[PDB]
Amino acid sequence: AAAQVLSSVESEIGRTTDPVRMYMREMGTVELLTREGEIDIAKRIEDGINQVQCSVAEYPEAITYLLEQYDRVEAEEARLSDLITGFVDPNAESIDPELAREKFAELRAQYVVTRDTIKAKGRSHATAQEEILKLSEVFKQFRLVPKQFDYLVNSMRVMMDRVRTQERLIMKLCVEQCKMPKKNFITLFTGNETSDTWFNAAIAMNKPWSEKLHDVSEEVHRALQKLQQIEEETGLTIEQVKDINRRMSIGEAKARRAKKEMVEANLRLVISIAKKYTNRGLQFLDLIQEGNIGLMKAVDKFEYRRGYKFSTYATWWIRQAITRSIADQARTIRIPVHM
Amino acid sequence: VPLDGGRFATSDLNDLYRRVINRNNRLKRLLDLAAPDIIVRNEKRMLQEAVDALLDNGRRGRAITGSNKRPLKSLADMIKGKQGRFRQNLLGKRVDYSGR
Amino acid sequence: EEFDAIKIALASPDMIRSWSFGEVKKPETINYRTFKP
Amino acid sequence: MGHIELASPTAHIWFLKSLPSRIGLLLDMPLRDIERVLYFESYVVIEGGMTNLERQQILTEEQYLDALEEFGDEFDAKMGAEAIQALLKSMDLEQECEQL
Amino acid sequence: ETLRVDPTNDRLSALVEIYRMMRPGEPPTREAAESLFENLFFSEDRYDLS
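Chains as they are written, first to last, in the entry's author numbering: chain A, 79 to 171, 211 to 456; chain B, 253 to 352; chain C, 15 to 51; chain D, 102 to 201; chain E, 349 to 398.
Structure follows, in structure tokens:
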């Protein structure tokens, strides 16, 4: 919406290779935001983080991996290390083991009363669905420090990459060998999800393009054995995992576009605070880049309930970034920060 | 090399090959995380300017200033200009046993 | 060594890595309290 | 000797603005467009499956937004040396020499 | 003949071209170009005349 002015600017430019004028002509598109205009951006960040956390809470084995890590940190009889500080520290709407027992006894009780009622009358029974929702509402009360929380997000990312890698391998081998259309594939992949009855239906349908199938079946119903192993280890359907991953993608994308709108409207605060810290220690474009990194690190840990403006909170982080950049090398030799 | 007065004698090539590897590591840090595209393109053309300055600095209209308030001498200036690595040490150079 | 002719060409990247005996990660050069690099 | 693990590829300065832009002599494109694409000013069409544009066609910030929301799934375009190295990888010599 | 060649009419058509001649690579403004003109031609602290 601002390229018509930039075209008339670049028609005058005789191929300027200096990145300073280039940087402050690409950053001048987005104007200044208002004071109360970023409150809605922060609320969209809240909605995205809450959607990602609901997608984590709907995953049933997250409590299982959390109890496994808790047993591994509880195993050798005496620990007060830094790994225990990475756990919950619950916020309201100095960690002692007595409160840990008092708040984990009912969690273990809800876990052992939820696990035993899985096979009762169905996989997705309504009473079992209410028990899963109650366990999720219990799990949403205790929220982690983001170190172990991002560790569990990365573990869920690795599990999602394994599942989608197996599914992508099956799909690419099918497209490479039999060249199956998506209309006869997506419907069966949504409907059946358990056995090879869709494979038998594809055999029962004549379809003379599908005659190149018998020499690849020894891999076709071998790659589905890995999916059977995943369903034996997890006990979940494919469509629910895809819906959780889609909601997690939406909850990450909302915060991502919010960070885009934040940085494209606050590059100029970075350059205004960075052009006064150019006392000939190093060339200032690295200071601009480190100020942008400090802006990112200040946006990543910004609060809303404080009621203050973002510039006062971000000033300390961007001065810390400029300080560690000007104290990183500062010479041809290496000198520490305390020196 | 350390001097007789304890001073250090380093080259500007050390500064060029230091800043290039520094911004290469900074590009690795920016590409290992979710960075905005303006920041990524900024780091990319800074890397482009630094590599093409390490190849030959100061034959276009603008060069790197701010080392010792002199315009910078690159590795290609040992060969191209009046300093002349060829003319100084290849078709004639300093030889032993002489006097005047 | 003996030499007869000189021929130049564009160097291949894997060839340059073949006569590259190592890789440098960070551009720090020497320590300040001792001269060991 | 030693090498540097360099992620984002960078062109060689003695080939672009040096006489007489051998890239423009080998690709049949003016050096002004080469300087505009390799300095992150505008996009360039590498290879398009549709019949809208052809090879060596630059697109600005407005033209890419005008042509992006209509078509898709067959349009490939990059900014910087990646598009140039992809164009030099995807080109052929024998058919071009026969056409010349 | 210079008036025949030059197509500019008023001060707004002149200061844009002068400020583009000063520093290329910037959208044209009035206040910054006017302040640059006042500090390069009508200033005393930043412009001494012996």
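Virtual Cβ for every residue (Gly too), placed ideally from N, Cα, C.
Element boundaries [alpha helix (DSSP H), containing residue i]
i, result
"A:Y101", "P97 to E104"
"D:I147", "Counting along the chain, D:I147 falls outside any alpha helix (DSSP H), though it belongs to the beta strand (DSSP E) covering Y144 to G149."
"A:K414", "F401 to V416"
"B:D329", "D329 to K332"
"B:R259", "Taken as a continuous stretch (DSSP letters only), B:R259 belongs to no alpha helix (DSSP H), as it is neither H nor E."
"D:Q200", "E195 to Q200"
"A:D360", "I355 to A391"
"A:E219", "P214 to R232"
Within chain C, partners of residue i - CB distance below 7 angstroms
i, result
"D:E183", "Ordered by position in chain C, no residue passes the 7 angstroms Cβ test against D:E183, which lies about 16 angstroms from the chain."
Own chain partners of residue i with C-beta closer than 8 angstroms, once the 5 adjacent residues on each side are dropped
i, result
"A:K393", "none"
"A:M379", "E116, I119 and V416"
"A:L399", "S442, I443, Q446 and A447"
"A:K414", "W434 and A438"
"A:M100", "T94"
"D:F141", "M180 and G181"
"B:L299", "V272, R275, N276 and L279"
"B:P254", "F260 and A261"
"A:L161", "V151"
Proximal residues of chain D, C-beta to C-beta of residue i below 9 angstroms
i, result
"A:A81", "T161, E162, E163, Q164 and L166"
"A:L84", "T161, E162 and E163"
Cβ neighbours of residue i in the same chain (closer than 6 angstroms, five flanking residues each side left out)
i, result
"A:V255", "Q227"
"D:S122", "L132"
"B:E295", "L279 and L282"
"A:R285", "none"
"A:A372", "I123 and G126"
"A:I355", "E310"
Beta-carbon neighbours of residue i, restricted to chain D and to distances below 8 angstroms
i, result
"B:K296", "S109, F141 and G181"
"C:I30", "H104"
Delimiting residues of the beta strand (DSSP E) encompassing residue i
i, result
"A:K324", "Premise fails: A:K324 is in no beta strand (DSSP E) and is neither H nor E."
"A:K238", "Here A:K238 belongs to no beta strand (DSSP E), and DSSP marks it neither H nor E."
"E:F385", "That residue, E:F385, is in no beta strand (DSSP E); its alpha helix (DSSP H) goes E379 to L388."
"B:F338", "It is not in any beta strand (DSSP E) - B:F338 instead sits in the alpha helix (DSSP H) that spans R337 to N341."
"D:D177", "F176 to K179"
Through-space distance from residue j to residue i, alpha-carbon basis
i, j, result
"A:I439", "A:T307", "53 angstroms"
"B:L268", "E:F389", "40 angstroms"
"D:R133", "D:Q157", "12 angstroms"
"D:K179", "C:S34", "31 angstroms"
"D:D174", "D:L166", "15 angstroms"
"A:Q131", "A:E420", "17 angstroms"
"D:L154", "D:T161", "14 angstroms"
"A:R364", "A:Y137", "12 angstroms"
"A:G239", "A:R281", "26 angstroms"
"A:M102", "A:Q246", "55 angstroms"
"D:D177", "D:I147", "6 angstroms"
"C:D28", "D:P110", "15 angstroms"
"A:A153", "A:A217", "15 angstroms"
"A:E223", "A:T231", "12 angstroms"
"A:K329", "A:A318", "16 angstroms"
Interface residues of chain A facing residue i [CB-CB closer than 7 angstroms]
i, result
"B:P288", "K377 and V380"
"E:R368", "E90"
Neighbour list for residue i in chain A, Cβ cutoff strictly below 9 angstroms
i, result
"D:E136", "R93 and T95"
"B:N266", "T449"
Contact list for residue i against chain C, beta-carbon separation under 9 angstroms
i, result
"B:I273", "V38, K39, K40 and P41"
Neighbourhood of residue i by C-beta, 7 angstroms cutoff - its chain only, sequence neighbours within 5 removed
i, result
"A:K289", "none"
"A:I410", "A438"
"A:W315", "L305 and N309"
"B:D329", "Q335"
"A:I361", "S133, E136 and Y137"
Under 8 angstroms by beta carbon: chain C residues contacting residue i
i, result
"A:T307", "In chain order: nothing, as chain C lies at least about 47 angstroms away."
"B:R281", "Here the premise fails: no neighbours, minimum Cβ distance about 12 angstroms."
Contacts that residue i makes with chain B (C-beta to C-beta distance below 7 angstroms)
i, result
"A:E104", "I290"
"D:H113", "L307"
Where residue i meets chain E, residues with beta-carbon distance less than 9 angstroms
i, result
"A:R99", "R371, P372, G373 and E374"
"A:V108", "What A:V108 touches in chain E: nothing, since even the nearest Cβ is about 14 angstroms away."
Contacts that residue i makes with chain A (C-beta to C-beta distance below 8 angstroms)
i, result
"B:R314", "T95 and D96"
"B:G318", "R397 and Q400"
Interface residues of chain B facing residue i [CB-CB closer than 8 angstroms]
i, result
"D:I105", "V272, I273 and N276"
"A:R373", "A286"
Any non-hydrogen atom of the ligand ADP within 6 angstroms of residue i CB
i, result
"A:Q294", "As for the ligand ADP, it is missing from this structure, which has no ligand bound."
Threshold first: 4 residues or longer. Then list the alpha helix (DSSP H) segments lying entirely within the region 272–327 of chain B, N to C. 289–307
Where are the alpha helix (DSSP H) runs, 4 residues long or more, that stay fully inside the region 257–308 of chain A, in chain order? 263–294 and 300–308
Enumerated in chain order, which unbroken segments of the beta strand (DSSP E) with a length of 3 residues or greater are wholly contained in the region 132–166 of chain A? none
Write down every uninterrupted run of the beta strand (DSSP E) in the region 349–378 of chain E whose length is 3 residues or greater and which is fully enclosed by it, in chain order. none
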